[PDB]
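First comes the structure, then the notes that go with it.
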Amino acid sequence: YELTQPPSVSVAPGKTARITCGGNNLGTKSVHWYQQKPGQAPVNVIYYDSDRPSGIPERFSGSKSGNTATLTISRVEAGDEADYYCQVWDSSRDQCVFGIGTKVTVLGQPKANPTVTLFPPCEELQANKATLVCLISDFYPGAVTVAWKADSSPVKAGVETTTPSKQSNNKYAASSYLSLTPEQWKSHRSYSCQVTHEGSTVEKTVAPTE
Amino acid sequence: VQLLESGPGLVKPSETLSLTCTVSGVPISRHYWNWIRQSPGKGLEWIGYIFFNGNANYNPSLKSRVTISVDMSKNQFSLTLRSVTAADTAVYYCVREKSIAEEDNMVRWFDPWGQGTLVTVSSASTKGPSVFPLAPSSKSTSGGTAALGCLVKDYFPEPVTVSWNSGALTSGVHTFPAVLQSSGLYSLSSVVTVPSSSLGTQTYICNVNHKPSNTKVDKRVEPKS
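Residue numbers (the entry's author numbering), protein chains in the order written: chain L, 2 to 9, 11 to 95, 95A to 95B, 96 to 106, 106A, 107 to 209; chain H, 2 to 82, 82A to 82C, 83 to 100, 100A to 100H, 101 to 215.
Okay, structure coming up:
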């Protein structure tokens, strides 16, 4: 037995999200739905086709056709972004079956400009390493570019940048790291992290001084 | 009802993965208990169920390698998965099965779920982290807010968890995805954004746990200011 789910569903804030699950004679099987937010364990949000667990907002409702099940999220909030999984039990084989999951993305949230913080290495130098850390906080949409400079020269070697991660307040964060030797760190008068977001740039500069 | 997974985060290829779930709030004899896993970036995969009278069934793909069992005296149930390979790297969830006795078909679903345990199958050895403060510098405050953080370097396998002030500080906290380095070790950062006025009157401590290596670090982050 197999459960079909769309891979992606995009919905504007305040609108209604519909996640469909299709399977053979689904009409004769009870269907259950789980929400998995980033970095968290799943949570049951609908069981027995349409029953809502205690503590689950009434914005979540479950319905059933003969061949499909639908999880409907009304008045969607940014916090409802998650992967949603349908589940049934195949009584013939005594097997649990999950759908492949649907990623719900809430698009068109309001623009939010990043806050940039640059941390110089201090105690790390004594471990014979030097990592400059450039933290990029509280931005939307979740797309940034980072450029590093030593004095005025661009630096690409030793740079690693994470993919923007969603924060608990539904904005994005990202981090970028520049790896230097301790002697290299002391050999320049300044370093800069330049973050480009939505056509605007923020630049932070730090000088050796521990 | 609370479910608490436990067990090694690292298993060598061809060895046996063993995990245990400790159940509190209900008798282990009252419910069917299931294991689920999720390979990183992938969907949920059912492993099997157990009931204390011995009733069990399993994913047919896993049936020849897997056993689930109950320990009545400790209110625990366990997963045993033999001859593991990298295909078994996954987050493993213990769950309580709920059911409604409707005669025609089976009404069986999962609530609640444990937090999950990441098990990495690898011949590489465990490596504990080194933690460095990301201290607010003399120039790093941004208006009315200040960020500070902890850099957690060079550990294996995942995960590390970071809390702040023993969990009393949660607003503005963000722990980033770990970076897998060319060395094969992971590093990550954790930050918290706080009112700039609090740097002069509030202690900030990042609590770093790396269970695979049994390492705990409580690192004070002292503003330079």
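Note that beta-carbon positions come from the ideal geometry of N, C-alpha and C, so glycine has one too.
Looking at chain L, is there any beta carbon in it that lies within less than 8 Å of the beta carbon of residue i?
i                     : result
residue 243 (chain H) : Nothing can be reported for residue 243 (chain H), as the shown portion of chain H is limited to 2 through 215.
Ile-98 (chain H)      : yes
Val-169 (chain H)     : yes
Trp-36 (chain H)      : no
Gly-139 (chain H)     : yes
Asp-101 (chain H)     : yes
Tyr-91 (chain H)      : yes
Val-100E (chain H)    : yes
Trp-154 (chain H)     : no
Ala-125 (chain H)     : yes
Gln-105 (chain H)     : yes
DSSP on residue i, reduced to helix/strand/coil?
i                     : result
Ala-111 (chain L)     : strand
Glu-60 (chain L)      : coil
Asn-197 (chain H)     : strand
residue 222 (chain H) : Nothing can be reported for residue 222 (chain H): it is not among the residues displayed for chain H, which extend from 2 to 215.
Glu-209 (chain L)     : coil
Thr-161 (chain L)     : coil
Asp-86 (chain H)      : helix
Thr-195 (chain L)     : strand
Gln-42 (chain L)      : coil
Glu-202 (chain L)     : strand
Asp-144 (chain H)     : strand
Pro-185 (chain H)     : strand
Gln-77 (chain H)      : strand
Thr-191 (chain H)     : coil
Assuming residue i and residue j are in contact, meaning their beta carbons sit under 8 Å apart, how far apart are those beta carbons, in whole angstroms?
i                 : j                 : result
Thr-18 (chain L)  : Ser-76 (chain L)  : 5 Å
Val-181 (chain H) : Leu-138 (chain H) : 7 Å
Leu-124 (chain H) : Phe-118 (chain L) : 4 Å
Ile-69 (chain H)  : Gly-49 (chain H)  : 5 Å
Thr-130 (chain L) : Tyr-190 (chain L) : At roughly 12 Å, the Cβ-Cβ gap does not stay under 8 Å, so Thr-130 (chain L) and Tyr-190 (chain L) are not in contact.
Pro-163 (chain L) : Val-143 (chain L) : 6 Å
Under 8 Å, Cβ to Cβ, is there at least one residue of chain H near residue i?
i                     : result
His-196 (chain L)     : no
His-187 (chain L)     : no
residue 224 (chain L) : Only positions 2 to 209 of chain L appear in this structure, which leaves residue 224 (chain L) out of reach.
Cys-23 (chain L)      : no
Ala-111 (chain L)     : no
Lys-155 (chain L)     : no
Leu-131 (chain L)     : no
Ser-174 (chain L)     : yes
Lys-31 (chain L)      : yes
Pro-55 (chain L)      : yes
residue 210 (chain L) : Since the displayed chain L opens at 2 and closes at 209, residue 210 (chain L) lies outside it and no answer follows.
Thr-114 (chain L)     : yes
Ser-136 (chain L)     : yes
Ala-80 (chain L)      : no
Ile-100 (chain L)     : yes
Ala-84 (chain L)      : no
Give me the Cα-Cα distance between residue i and residue j, rounded to the nearest whole angstrom.
i                   : j                  : result
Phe-100H (chain H)  : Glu-95 (chain H)   : 5 Å
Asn-35 (chain H)    : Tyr-90 (chain H)   : 11 Å
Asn-169 (chain L)   : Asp-100B (chain H) : 43 Å
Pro-109 (chain L)   : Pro-15 (chain L)   : 10 Å
residue 1 (chain L) : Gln-89 (chain L)   : Because chain L spans 2 through 209 in this model, residue 1 (chain L) falls outside it and cannot be assessed.
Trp-91 (chain L)    : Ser-32 (chain L)   : 8 Å
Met-73 (chain H)    : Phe-53 (chain H)   : 8 Å
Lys-206 (chain H)   : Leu-20 (chain H)   : 22 Å
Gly-190 (chain H)   : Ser-127 (chain H)  : 13 Å
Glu-182 (chain L)   : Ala-206 (chain L)  : 14 Å
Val-121 (chain H)   : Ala-99 (chain H)   : 53 Å
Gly-64 (chain L)    : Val-12 (chain H)   : 40 Å
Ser-113 (chain H)   : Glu-3 (chain L)    : 35 Å
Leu-175 (chain H)   : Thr-200 (chain L)  : 32 Å
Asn-204 (chain H)   : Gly-118 (chain H)  : 8 Å
According to DSSP, what are the bridge partners of residue i?
i                 : result
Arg-94 (chain H)  : H:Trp-34
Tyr-2 (chain L)   : DSSP, once it has assigned bridges, lists no residue as partnering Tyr-2 (chain L).
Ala-19 (chain L)  : L:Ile-75
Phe-166 (chain H) : Looking at the DSSP assignment, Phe-166 (chain H) forms no beta bridge with any residue, so it has no partner.
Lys-185 (chain L) : BP columns for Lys-185 (chain L) are empty, so no partner.
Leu-131 (chain L) : L:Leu-177
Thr-23 (chain H)  : H:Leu-5 and H:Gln-77
Any heavy atom of the ligand SAH inside 7 Å of the beta-carbon of residue i?
i                 : result
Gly-101 (chain L) : The model depicted lacks the ligand SAH and carries no ligand whatsoever.
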